[PDB]
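Reading through the structure tokens given below for one structure.
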Amino acid sequence: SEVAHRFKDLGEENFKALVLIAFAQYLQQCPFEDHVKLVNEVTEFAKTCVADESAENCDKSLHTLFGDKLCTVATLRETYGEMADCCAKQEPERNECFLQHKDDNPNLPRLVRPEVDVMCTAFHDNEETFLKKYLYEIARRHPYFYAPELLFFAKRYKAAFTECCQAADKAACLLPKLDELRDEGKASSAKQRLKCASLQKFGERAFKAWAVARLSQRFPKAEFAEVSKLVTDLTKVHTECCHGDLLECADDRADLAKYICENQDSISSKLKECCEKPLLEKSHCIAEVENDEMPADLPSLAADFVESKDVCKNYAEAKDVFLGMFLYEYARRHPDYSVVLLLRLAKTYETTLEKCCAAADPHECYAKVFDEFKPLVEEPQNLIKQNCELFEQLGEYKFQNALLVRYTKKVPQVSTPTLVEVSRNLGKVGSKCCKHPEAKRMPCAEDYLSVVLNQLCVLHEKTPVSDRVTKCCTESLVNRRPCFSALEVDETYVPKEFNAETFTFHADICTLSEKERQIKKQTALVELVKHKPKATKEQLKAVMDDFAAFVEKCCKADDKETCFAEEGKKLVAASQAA
């Protein structure tokens with residue numbers, strides 16, 4: 001009985017919660033009330049199996065058990081159209097179908113929060129319903145959210161209400177908290193989506209190369225054999241979470257945090273503090289801990305990789321143990337390199353041995369490898385330096401606007417909502433990393449730039465619209481940033497004159513947050529470019545500044561919705577002239 005094992009291993013709470021999460025990630029347009037019943041049924045069942053492994057269907061696989069329950073409510077397509085054919089197939093084809101249908105941008109009501117009183121009352125009335133509704137809303141909206149991490153966020157989301165609702169000034173204790181969570185929740189999600197996309201589009205070898213590089217940078221004192229073992233379990237952990245196997249994903253992540261801690265001294269010295277912490281805090285911690293100190297006396301790489309006369313022999317025997325070895329050794333000595341740079345170096349190195357290990361004499365052509373690593377190394381450093389300086393000058397908001405323009409000219413076919421969401425996120429690179437010494441910059445930035453660009457890749461894949469996007473996205477994971485950076489203004493672009501209907505800001509824009517208000521402005525700016533790309537100098541930066549005044553002004557003219565509309569009527573003409 002697999003459901004019995006898992007239910008035992010995890011405990012009625014986390015079992016029950018990850019079930020809710022798996023269904024919500026599968027049937028996103030499905031009502032909370034419907035999911036609660038299905039989890040209750042799946043649970044009452046699990047229990048019969050814990051009491052008797054030989055009972056009715058206790059020998060069944062989780063996916064089988066799970067889809068029959070989902071299918072009791074999916075084959076009513078007047079509610080969920082497409083999700084009805086998956087229930088016509090059977091395992092393992094049905095799950096494969098379900099996964100294939102996860103939506104990255106569901107067409108769901110923007111979730112808004114009630115006043116603090118509203119929320120704190122509800123919370124006290126029934127914190128379980130209150131907390132179930134949270135897992136659910138976050139789950140259906142982020143279909144690839146690392147299940148285990150979601151249980152952590154839920155722990156913290158609970159302690160905010162428990163604590164802040166007692167407080168004297170609740171609204172003040174609480175508000176900043178929901179904001180940190182909401183923000184770091186999105187970040188976790190973006191990062192997990194990149195791991196799944198590695199696996200699913202590019203393959204397990206791809207993910208492995210990244211985990212090897214990554215961990216090696218984090219545990220430079222660990223041995224290759226050690227690091228390899230961790231990479232093997234890490235991978236398994238994500239495969240499961242990325243394929244819908246969340247109860248098992250969690251169960252194995254729990255075991256890996258344990259192994260890690262148990263072999264603490266052979267892995268890293270910064271771990272001790274994590275290993276004291278409760279289960280969910282320990283795994284999050286370990287997952288995000290800083291890099292250990294590098295070994296005092298480590299040799300020169302060149303000696304075993306490009307000096308030893310047995311490089312080709314050693315390469316050929318087992319190429320994949322050797323190649324990961326190089327990456328390990330190279331990674332651990334350079335925590336100053338973005339992980340995507342490191343992988344670009346291995347890849348070079350590899351194709352370099354393909355060509356040299358067959359030529360007359362190997363020693364003379366690969367003798368130059370680190371020469372070829374050079375330009376690969378400067379380009380990123382020179383881009384971050386260039387994008388960082390601009391940031392200090394413009395400031396976040398205008399740094400994004402500059403990037404909005406830059407990417408909007410690049411990939412003009414892309415949806416505006418998308419160009420806005422991705423560019424705002426790209427613009428947030430300046431604030432996370434420029435505030436680091438020239439050393440820490442590359443890994444913070446480049447890698448971060450990779451988690452965002454994948455966000456674009458997935459959002460555009462849904463409704464493919466621009467070849468170049470698909471090109472840069474599909475061609476190679478490791479080269480996505482360079483691909484997009486090397487792209488230039490699309491001269492193939494066919495503009496859409498000017499819509500009267502979409503440059504009309506309304507008075508209700510004065511009741512929205514200053515964030516949303518910036519999104520309305522930026523949306524229009526994207527639309528400006530989608531009309532006049534040809535000649536867009538500083539003049540654009542100017543045309544935008546009017547609307548800022550236009551909103552600020554008309555938001556306070558004590559008008560009858562007049563000046564807001566009517567100024568727009570005259571100003572839309574002005575902008576057209578530009």
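In the structure tokens, each chain is lettered A, B, ... as it comes, each chain's residues begin at 1, and ligands are numbered from 1 in order of appearance.
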
Do a neighbour search on residue 101 in chain A at 9 Å with only C-alpha atoms, toss out local chain neighbours closer than 6 positions, and write the hits as a PDB file with N, CA, C and O atoms, in the first residue's frame.
ATOM      1  N   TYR A  26      -3.592  20.277 -10.566  1.00  0.00           N
ATOM      2  CA  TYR A  26      -4.120  19.527 -11.718  1.00  0.00           C
ATOM      3  C   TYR A  26      -5.395  20.130 -12.327  1.00  0.00           C
ATOM      4  O   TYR A  26      -5.476  20.305 -13.555  1.00  0.00           O
ATOM      5  N   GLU A  82     -11.318  21.202 -22.141  1.00  0.00           N
ATOM      6  CA  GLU A  82     -10.186  20.290 -22.458  1.00  0.00           C
ATOM      7  C   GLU A  82      -9.742  19.161 -21.490  1.00  0.00           C
ATOM      8  O   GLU A  82      -9.243  18.108 -21.947  1.00  0.00           O
ATOM      9  N   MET A  83      -9.886  19.384 -20.188  1.00  0.00           N
ATOM     10  CA  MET A  83      -9.502  18.432 -19.119  1.00  0.00           C
ATOM     11  C   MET A  83     -10.379  17.179 -19.094  1.00  0.00           C
ATOM     12  O   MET A  83     -10.259  16.344 -18.189  1.00  0.00           O
TER      13      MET A  83
END

Can you list, as an MDAnalysis selection string, every residue of range 423-506 of chain A that DSSP puts in helix (DSSP H, G or I)? chainID A and resid 423:427 430:433 441:462 467:475 480:486

For residue 354 in chain A, the nearest of the candidates A:127, A:229, A:484, A:366, counting only C-alpha atoms: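 For residue 354 in chain A, the nearest of the given residues is A:366.
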
Excluding range 509-517 of chain A and its own-chain neighbours fewer than 6 positions away, which residues fall within 10 Å of it when counting only C-alpha atoms? Please give them as a ChimeraX atom specification. /A:397,523,548,551-552,554-556,564

Keeping only N, CA, C and O atoms, write those residues as an mmCIF file, in the first residue's frame.
data_model
loop_
_atom_site.group_PDB
_atom_site.id
_atom_site.type_symbol
_atom_site.label_atom_id
_atom_site.label_comp_id
_atom_site.auth_asym_id
_atom_site.auth_seq_id
_atom_site.Cartn_x
_atom_site.Cartn_y
_atom_site.Cartn_z
ATOM 1 N N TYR A 397 12.161 51.843 -11.143
ATOM 2 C CA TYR A 397 11.058 52.094 -12.074
ATOM 3 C C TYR A 397 11.532 52.428 -13.493
ATOM 4 O O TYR A 397 11.164 51.742 -14.442
ATOM 5 N N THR A 523 2.194 49.697 -19.348
ATOM 6 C CA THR A 523 1.424 48.953 -20.343
ATOM 7 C C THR A 523 1.261 49.826 -21.561
ATOM 8 O O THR A 523 1.385 49.364 -22.692
ATOM 9 N N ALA A 548 2.321 60.521 -16.625
ATOM 10 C CA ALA A 548 2.558 60.496 -15.179
ATOM 11 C C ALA A 548 1.886 61.732 -14.581
ATOM 12 O O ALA A 548 1.168 61.643 -13.585
ATOM 13 N N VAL A 551 -1.942 61.619 -14.950
ATOM 14 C CA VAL A 551 -2.643 60.875 -13.909
ATOM 15 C C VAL A 551 -2.601 61.671 -12.610
ATOM 16 O O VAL A 551 -3.650 61.954 -12.033
ATOM 17 N N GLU A 552 -1.399 62.063 -12.182
ATOM 18 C CA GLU A 552 -1.214 62.837 -10.945
ATOM 19 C C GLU A 552 -2.157 64.040 -10.927
ATOM 20 O O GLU A 552 -2.844 64.299 -9.938
ATOM 21 N N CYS A 554 -4.985 64.881 -13.137
ATOM 22 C CA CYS A 554 -6.397 64.552 -13.194
ATOM 23 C C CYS A 554 -6.954 63.718 -12.047
ATOM 24 O O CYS A 554 -8.170 63.664 -11.853
ATOM 25 N N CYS A 555 -6.069 63.145 -11.237
ATOM 26 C CA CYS A 555 -6.509 62.368 -10.079
ATOM 27 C C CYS A 555 -6.943 63.334 -8.982
ATOM 28 O O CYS A 555 -7.557 62.934 -7.992
ATOM 29 N N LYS A 556 -6.621 64.607 -9.159
ATOM 30 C CA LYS A 556 -6.927 65.602 -8.151
ATOM 31 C C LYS A 556 -7.480 66.904 -8.722
ATOM 32 O O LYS A 556 -7.157 67.982 -8.239
ATOM 33 N N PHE A 564 -10.059 63.785 -16.586
ATOM 34 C CA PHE A 564 -9.339 62.529 -16.771
ATOM 35 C C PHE A 564 -9.578 62.013 -18.195
ATOM 36 O O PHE A 564 -8.632 61.718 -18.933
#

Set the distance at 10 Å and use only C-alpha atoms: which residues neighbour range 273-286 of chain A once local chain neighbours fewer than 2 positions away are removed? I'd like the list as a PyMOL selection string. chain A and resi 148-153+155+253-258+260-262+264+269-271+288-290

Can you write just those residues out, C-alpha atoms, as a CSV table (one decimal), in the first residue's frame?
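Now in result-v7.csv:
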chain,number,residue,atom,x,y,z
A,148,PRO,CA,7.4,20.9,0.2
A,149,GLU,CA,8.3,24.6,0.2
A,150,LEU,CA,4.7,25.4,-0.1
A,151,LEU,CA,4.1,23.7,3.3
A,152,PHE,CA,6.8,26.0,4.8
A,153,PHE,CA,5.2,29.2,3.4
A,155,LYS,CA,3.6,27.6,8.3
A,253,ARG,CA,13.4,15.6,0.4
A,254,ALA,CA,12.8,14.8,4.0
A,255,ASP,CA,15.4,11.9,3.8
A,256,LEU,CA,17.9,14.0,1.9
A,257,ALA,CA,17.9,16.9,4.5
A,258,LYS,CA,18.5,14.1,7.1
A,260,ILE,CA,23.0,15.9,4.6
A,261,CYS,CA,22.8,16.7,8.3
A,262,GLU,CA,24.1,13.3,9.2
A,264,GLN,CA,27.4,17.4,7.9
A,269,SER,CA,30.6,23.8,7.7
A,270,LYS,CA,27.8,26.3,7.3
A,271,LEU,CA,25.1,23.7,7.8
A,288,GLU,CA,19.3,28.2,0.7
A,289,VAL,CA,22.5,28.5,2.7
A,290,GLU,CA,25.7,30.4,1.8

Interatomic distance (Å, one decimal) between CA of residue 74 in chain A and CA of residue 240 in chain A: 23.4 Å

Atomic distance CA of residue 524 in chain A - CA of residue 502 in chain A, expressed in Å with one decimal: 7.8 Å

Within 10 Å of range 97-99 of chain A, counting only C-alpha atoms, which residues show up once you throw out same-chain ones fewer than 5 positions away? Write them as a list in words, please.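 Neighbouring residues, sequence-local ones excluded: residues 25, 26, 27, 67, 83, 84, 85, 86, 87, 89, 90, 91, 92, 143, 144, 242, 243 and 244 of chain A.
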
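A straight line drawn from CA of residue 102 in chain A to CA of residue 467 in chain A is 23.2 Å long.
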
Between A:560, A:541, A:236, A:313, which is the closest to residue 394 in chain A once you count only C-alpha atoms?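 Under the stated criterion, the closest residue is A:541.
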
Report as a PyMOL selection string all protein, DNA and RNA residues lying within 12 Å of residue 171 in chain A, evaluated on only C-alpha atoms, omitting residues in the same chain fewer than 5 positions from it. chain A and resi 114-120+160-161+163-166+176-178

Nearest to residue 198 in chain A among A:423, A:432, A:266, A:450, with distances taken over only C-alpha atoms: which residue is it?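 Nearest candidate to residue 198 in chain A out of A:423, A:432, A:266, A:450: A:450.
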
Among the residues A:385, A:368, A:60, A:221, the one that comes closest to residue 440 in chain A [using only C-alpha atoms]: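 Closest to residue 440 in chain A, using only C-alpha atoms: A:385.
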
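Nearest residue to residue 439 in chain A among A:336, A:183, A:52, A:13 is A:336, counting only C-alpha atoms.
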
Please identify all polymer residues within 12 Å of residue 31 in chain A, counting only C-alpha atoms, omitting same-chain residues fewer than 3 positions from it, and present them as a PyMOL selection string. chain A and resi 20+23-24+27-28+34-38+73-74+79-80+108+133+136-137+140
